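A short worksheet on the structure shown next.
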Amino acid sequence: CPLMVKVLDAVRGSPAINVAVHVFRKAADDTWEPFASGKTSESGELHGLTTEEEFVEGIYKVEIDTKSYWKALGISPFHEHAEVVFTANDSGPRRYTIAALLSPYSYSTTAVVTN
Amino acid sequence: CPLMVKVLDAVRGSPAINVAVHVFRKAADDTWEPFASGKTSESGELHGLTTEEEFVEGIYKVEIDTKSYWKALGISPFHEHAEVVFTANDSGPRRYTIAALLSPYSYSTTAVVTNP
Amino acid sequence: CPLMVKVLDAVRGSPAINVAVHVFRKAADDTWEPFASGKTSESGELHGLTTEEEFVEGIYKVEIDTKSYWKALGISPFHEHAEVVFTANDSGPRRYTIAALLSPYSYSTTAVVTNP
Amino acid sequence: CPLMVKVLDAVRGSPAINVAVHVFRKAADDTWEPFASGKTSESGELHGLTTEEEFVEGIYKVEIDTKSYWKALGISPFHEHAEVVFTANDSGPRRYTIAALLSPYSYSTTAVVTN
Ligand SMILES: O=C(O)CO/N=C(/c1ccccc1)c1ccc(Cl)c(Cl)c1
Ligand SMILES: O=C(O)CO/N=C(\c1ccccc1)c1ccc(Cl)c(Cl)c1
């Protein structure tokens with residue numbers, strides 16, 4: 001699995017469950033084409049988005065539906081969503097984990113790239 | 001000043017200076033229209049982007065060009081840019097500070113919203 | 001002002017007001033001695049803790065009483081407090097801003113260090 | 001395993017490996033008594049610190065030796081260490097994960113409490 005997403009909730013100190021996640025790849029058209037999508041699991045994780053074959057070098061966007069998550073909790077959030085845009089590179093390590101820590105008025109994101 | 005951007009560098013412990021920022025507003029046809037742009041100062045701040053009259057309700061996107069920033073320091077970073085998307089002035093006018101704390105493989109963004 | 005503390009609330013998108021802050025300096029016997037203390041203002045800032053003369057080289061600890069803060073908002077948080085420990089003025093005097101961004105189960109702290 | 005620590009490096013986008021971690025429990029003496037310690041693994045994780053029997057309600061301090069980590073990388077860091085102080089509570093969920101994301105002049109920490 002070369003791309004995994006992990007979403008955490010900083011208010012409840014828990015994994016962010018059932019969060020919609022959409023992945024896009026930039027096309028020569030210069031527009032974002034849908035690539036993969038999922039809802040996070042009970043552990044806040046989303047796996048099996050793509051394969052090694054499919055995940056070629058390019059610019060990818062990971063879009064996390066944070067607003068719907070906070071709305072579900074009855075908490076008024078600042079952001080429409082959290083979007084992480086990055087370039088996938090062959091020179092780098094094989095596996096990418098995109099992590100997001102969510103708060104109603106803030107988020108943090110990090111990438112953990114490993115072999 | 002209803003919209004201010006502050007960018008900090010978590011590697012150097014400093015303001016992130018001369019960072020390009022672009023602000024977009026969602027149009028009637030759903031396209032992102034250019035709204036305002038600038039560079040952060042020596043204090044990592046960008047002020048004077050808009051006015052109270054111009055800054056109407058809407059969905060706005062603040063794009064911070066972090067990749068150029070890191071590249072000028074010799075660092076090849078993970079992210080193309082940091083993007084902050086939010087609905088503004090939904091419940092009347094407010095003043096917004098969008099802050100970003102940058103590292104090569106990570107970034108944090110928070111909003112401070114105050115009532116005029 | 002060589003040492004300033006800024007505290008923000010990531011739930012409300014606001015300054016974190018009236019937060020108690022205690023600053024300690026490591027003594028000759030390795031004990032933490034009280035150095036300065038105060039509460040954040042309506043802007044989430046605490047200034048006037050020390051002077052250039054008083055703020056000598058040393059290891060300092062900035063303790064932010066986040067648990068009292070959250071409890072007054074009805075929230076039972078994870079952390080007792082946020083503690084920031086650092087060596088200051090090691091290479092000559094500097095101005096330090098210690099910033100903390102608070103959530104009930106998480107906190108982020110960054111330093112902005114500038115040369116007088 | 002009721003207490004795990006996970007340490008990530010925001011500069012290299014990788015797990016923070018071989019980082020010293022010390023856990024303390026507050027004593028009636030009002031002083032920190034050593035409880036457990038370890039070095040993070042190649043995945044940035046430290047497990048098997050304690051048992052369910054041993055990990056009673058109380059105030060605990062997790063102290064991460066961030067300065068030595070950055071020194072090893074030749075990067076000048078701001079903090080002496082990262083310390084996370086919290087109260088363990090029976091009413092809450094059984095498992096605690098203390099995570100830290102490190103930068104030379106900043107860190108973030110979060111707790112993920114689950115059953
Ligand atoms: O709205 C604001 O005031 C700007 O936000 N500022 C800061 C900050 C502020 C001053 C000094 C250092 C960081 C900030 C932002 C983000 C984070 Cl994650 C942290 Cl620990 C601090
Ligand atoms: O595990 C991974 O590969 C990615 O995890 N990243 C985590 C994290 C990890 C475990 C538990 C809690 C947070 C994370 C992310 C962002 C932040 Cl700001 C923090 Cl303090 C932790």
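Whatever order the structure lists ligands and atoms in, that order sets their numbers, starting from 1. Throughout, a chain's letter reflects where its sequence line sits, starting with A, and its residues are numbered from 1.
Remark: minimum distance from atom 3 (O) of ligand 1 to any protein heavy atom is reached at C/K6 NZ, 2.8 Å. D/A99 CB, 3.6 Å is the protein heavy atom nearest to atom 11 (C) of ligand 2. Closest to atom 12 (C) of ligand 2, if we only count protein heavy atoms, is A/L8 CD1, 3.0 Å. Nearest protein heavy-atom contact of atom 3 (O) of ligand 2 is D/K6 NZ, 3.2 Å. Closest protein heavy atom to atom 21 (C) of ligand 1: C/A99 CB, 3.9 Å. In terms of protein heavy-atom proximity, atom 19 (C) of ligand 1 is nearest to C/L101 CB, 4.0 Å. The closest protein non-hydrogen atom to atom 7 (C) of ligand 1 is B/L8 CD1, 4.2 Å. Protein heavy atom closest to atom 19 (C) of ligand 2, with residue, atom name and distance, is D/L101 CB, 4.0 Å.
Counted within 6.0 Å of CD on B/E54, heavy atoms from surrounding residues, nucleotides or ligands total more than 12; the atom is thus considered enclosed. Open room surrounds NZ on D/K71; 12 or fewer heavy atoms of other groups in view lie less than 6.0 Å from it.
Applying the 4.0 Å criterion to heavy atoms of D/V112 picks out, from ligand 2, the atoms 11 (C), 12 (C). Residue C/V112 has at least one heavy-atom neighbour below 4.0 Å for each of these atoms of ligand 1: 11 (C), 12 (C). Contact atoms of ligand 1 toward C/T109: 20 (Cl) (distance under 4.0 Å to a heavy atom of the residue). Remark: ligand 1 atoms within the under-4.0 Å shell around heavy atoms of C/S108 are 18 (Cl), 20 (Cl). Taking every non-hydrogen atom of B/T97 and a distance limit under 4.0 Å, the qualifying atoms of ligand 1 come out as 1 (O).
For A/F86 and B/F78, the ring centers are positioned less than 6.0 Å apart. Checked against a 6.0 Å centroid threshold, the rings of A/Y60 and A/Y96 do not count as neighbours.
Counting only heavy atoms, the protein never gets under 4.0 Å from atom 14 (C) of ligand 1.
Each of D/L49, D/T97, D/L46, D/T50 was checked for a side-chain contact (heavy atoms from CB on, under 4.5 Å) with D/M4, and the lone residue meeting it is D/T97. Under the side-chain contact (heavy atoms from CB on, under 4.5 Å) rule, D/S106 has a single partner from C/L101, C/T110, C/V112, which is C/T110.
In terms of polar-atom proximity, C/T110 is not counted as a contact of ligand 1, lacking any N or O under 3.5 Å from an N or O of the ligand.
Counting heavy atoms under 4.0 Å from ligand 2, residue D/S108 touches it through both backbone and side chain. Of the heavy atoms in D/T109, only backbone atoms (N, CA, C, O) come closer than 4.0 Å to ligand 2.
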>> Run B/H81 and B/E83 through side-chain hydrogen bond (donor to acceptor under 3.5 Å, both in side chains) and show every step you take.
In response: CA-CA 6 Å; B/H81 49 243; B/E83 188 204 75; 4.8 Å; no
> Yes or no on side-chain hydrogen bond (donor to acceptor under 3.5 Å, both in side chains) for B/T87 and A/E80, after CA distance, side-chain angles and deciding distance?
Replying inline: CA-CA 7 Å; B/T87 294; A/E80 285 299 298; 2.7 Å; yes
>> side-chain hydrogen bond (donor to acceptor under 3.5 Å, both in side chains), that's the test. Do B/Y69 and B/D9 meet it? Break it down for me.
In response: CA-CA 10 Å; B/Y69 178 80; B/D9 174 336; 2.6 Å; yes
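With rounding to the nearest 0.5 Å, the separation of CG in D/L73 from CZ in D/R12 is 4.5 Å.
Looking at B/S103, its side chain never comes within 3.5 Å of a backbone N or O of D/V11 through a donor-acceptor pair.
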